[PDB]
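> To kick things off, part of the complex as it is:
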Amino acid sequence: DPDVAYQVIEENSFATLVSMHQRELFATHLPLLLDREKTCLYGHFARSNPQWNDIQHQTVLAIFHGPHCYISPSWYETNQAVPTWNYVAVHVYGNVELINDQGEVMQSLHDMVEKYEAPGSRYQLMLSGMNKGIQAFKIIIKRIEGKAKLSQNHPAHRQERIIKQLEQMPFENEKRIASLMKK
């Protein structure tokens, strides 16, 4: 609904980027970062990945995946319940501009590196082969739609049962989904 969509984008930056390539749906998996002003998303394809060939001039879709997991009706007080899935997701629409300026490419590889290198990493900076090799781009953001199915449709007690059960399950999705519902 609101400003939580940005949070999901920044924490699940390995997006799926869907566009029409030659009149068929085409998707790439790849990190997409928000610029400081949060008005667009930067990424880069491999040049050998043909999706950029005709990615311009259309509203593409970037999907950011939050946590999900199965919710079992065996967790409620009753036989009378329907199974369901919990998840969180942010869909971003906008248009692409390919970026070839070599200063801009470098700036967006930098911001990316800072995002993913570990705090004590000494990594930072054949390399023009990393101009020949990649195709930076940006997605000027047009709209953002967020989904958060979190069983908030149910009474508070049934929700506590679901939490109690998920939080004691040794799986990432279950626990992450469990932190979400509480909030």
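Cool, the structure landed. Residues are numbered from 1 along each chain as shown, chains lettered A, B, ... in the order given.

> mind checking how far residue A:162 is from residue A:72?
9 Å (CB to CB, to the nearest Å). Every C-beta, even on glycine, is put in place using the N, C-alpha and C of the backbone.

> Between those two, which is the more surrounded one?
Using other CB atoms under 10 Å as the criterion, residue A:162 and residue A:72 rank with residue A:162 on top: 21 against 13.

> Show me what the helix or strand where that one lies is packed against.
Secondary structure assignment for residue A:162, by DSSP states H and E: helix A:156-167. If you count contacts as 3 or more CB pairs under 8 Å, 6 or more residues apart in numbering; DSSP states H and E, helix A:156-167 packs onto helix A:172-182.

> quick check: angle from the helix it packs on to helix A:156-167?
150 degrees (axes from the mean of the first three to the mean of the last three CA atoms, to 10 degrees).

> for residue A:3, phi and psi?
Backbone torsions for residue A:3, taken as degrees, to the nearest 10, come to phi -90, psi 0.

> So the most centrally placed residue in chain A: helix, strand or coil?
For chain A, the residue nearest the mean C-alpha position is residue A:64 (2.0 Å; CA atoms, centre = their mean). Recorded secondary structure, residue A:64: strand (DSSP: H, G, I helix; E, B strand; the rest coil).

> Tell me the spacing between residue A:44 and residue A:136.
Distance from residue A:44 to residue A:136, by CB to CB: 4 Å.

> so what sits against both of these two?
A:105, A:108-109 (CB atoms under 8 Å, 6 or more residues apart in numbering).

> ok, so of those, who is nearest residue A:28?
residue A:108 (16.4 Å; CB to CB).

> right, and the secondary structure at that closest one would be what?
helix.

> Now for it: which residues touch it?
Counted by CB under 8 Å, 6+ apart, residue A:108 has contacts A:33, A:42, A:44, A:99, A:136.

> Recalculate using a threshold of 6 Å.
Residue A:108 is in contact with A:42, A:136, counting by CB atoms under 6 Å, 6 or more residues apart in numbering.

> got it, and residue A:137?
A:96, A:98-99.

> out of those residues, which are buried?
A:96, A:99 (16 or more other CB atoms under 10 Å).

> Export the contacts of residue A:137 to CSV and append columns for distance to residue A:22 and secondary structure.
Putting the contacts of residue A:137 into CSV (distance: CB to CB, whole Å; DSSP: H, G, I helix; E, B strand; the rest coil) gives the following:
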residue, distance to residue A:22, secondary structure
A:96, 16, strand
A:98, 17, strand
A:99, 23, coil
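
> The following sequence is to be added as chain B:
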Amino acid sequence: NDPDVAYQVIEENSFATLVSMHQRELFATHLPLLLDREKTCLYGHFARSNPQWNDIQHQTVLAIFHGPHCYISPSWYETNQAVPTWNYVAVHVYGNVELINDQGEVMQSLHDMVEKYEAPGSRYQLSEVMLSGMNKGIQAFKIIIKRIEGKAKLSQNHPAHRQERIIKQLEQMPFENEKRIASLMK
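If we add chain B to the chains shown above, we get the following:
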């Protein structure tokens, strides 16, 4: 990847992203998609209030199943040996959609769904009337599979040790994705 490896990924990460063209815009729904025993088809269901099925029916849609994924750091090996990248596995399924409207087949797909996701313990059944109402609130469908593409980035273009040390680093990490990637690195 290789028919079998693909279905395994589809079977183990069934919570998919289903993308169609809707009123000239790209649309995605996140829902479980199960393979039938013959593995020619993917079954799913919508909320009815979801406009995606209104026109899903005469196009090649894309069902995306997500394997594990992680950052691979160029700090885990010597200068120049590599570039910053992610490792991951996905499978993409293309097909055309068919709306299932017989309650027998709908009920059937719903049973298979319970079977697959309930714990081996379980005692949970089709023990409600409530069932009718729930069913006028969903739209069942089937994807007739035309093609399957596997997608993998696992850094198999670095020699032994470079992959051998990437493995140890990954498995020392306290994260599901990295350990998942680490296994696949065989």
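
> quick recheck of the contacts of residue A:108 now chain B is there?
A:42, A:136 (CB atoms under 6 Å, 6 or more residues apart in numbering or on different chains).

> same thing but at 8 Å, please
A:33, A:42, A:44, A:99, A:136 (CB atoms under 8 Å, 6 or more residues apart in numbering or on different chains).

> who does the second one bridge with?
Listed by DSSP bridges, the beta-bridge partners for residue A:42 are residue A:33, residue A:138.

> That one reaches residue A:140, doesn't it?
No - taking contacts as CB atoms under 8 Å, residue A:42 lies outside contact range of residue A:140: 10.8 Å.

> the more surrounded of those two?
Taking other CB atoms under 10 Å in any protein chain shown, residue A:42 and residue A:140 do not tie; residue A:42 has more neighbours (21 against 12).

> any idea how far the more buried one is from chain B?
Separation of residue A:42 from chain B (CB to the nearest CB, to the nearest Å) stands at 14 Å.

> Who are the contact partners of that residue?
Counted by CB under 8 Å, 6+ apart, residue A:42 has contacts A:32-33, A:35, A:99, A:108, A:111-112, A:136-139.

> Skipping adjacent residues, who's closest to the residue nearest to the centre of chain A in space?
residue A:90 (4.3 Å; CB to CB, 6 or more residues apart in numbering or on different chains).

> For the one you found, give me its contacts.
Per CB under 8 Å, 6+ apart, neighbours of residue A:90: A:5, A:8-9, A:12, A:63-64, A:66, A:144-147.

> Any idea which residue of chain A lies closest to chain B?
residue A:123 (3.5 Å; CB to the nearest CB).

> surely that residue meets residue A:114?
No - if you go by CB under 8 Å, residue A:123 and residue A:114 don't touch, sitting 10.8 Å apart.

> which stretches of chain A form strands?
A:14-21, A:24-31, A:33-34, A:40-46, A:60-71, A:84-98, A:134-149 (DSSP state E).

> can you tell me how far the spatially closest residue to residue A:66 that is not a sequence neighbour sits from residue A:69?
Nearest residue to residue A:66, sequence neighbours excluded (CB to CB, 6+ apart): residue A:88, at 2.8 Å. Between residue A:88 and residue A:69 the computed distance is 11 Å (CB to CB).

> more crowded one of those two?
Remark: of residue A:88 and residue A:69, residue A:88 carries more neighbours, 24 against 20, as counted by other CB under 10 Å.

> partner residues bridging that one?
residue A:148.

> Tell me the buried residues in stretch A:83-92?
A:83, A:85-92 (16 or more other CB atoms under 10 Å in any protein chain shown).
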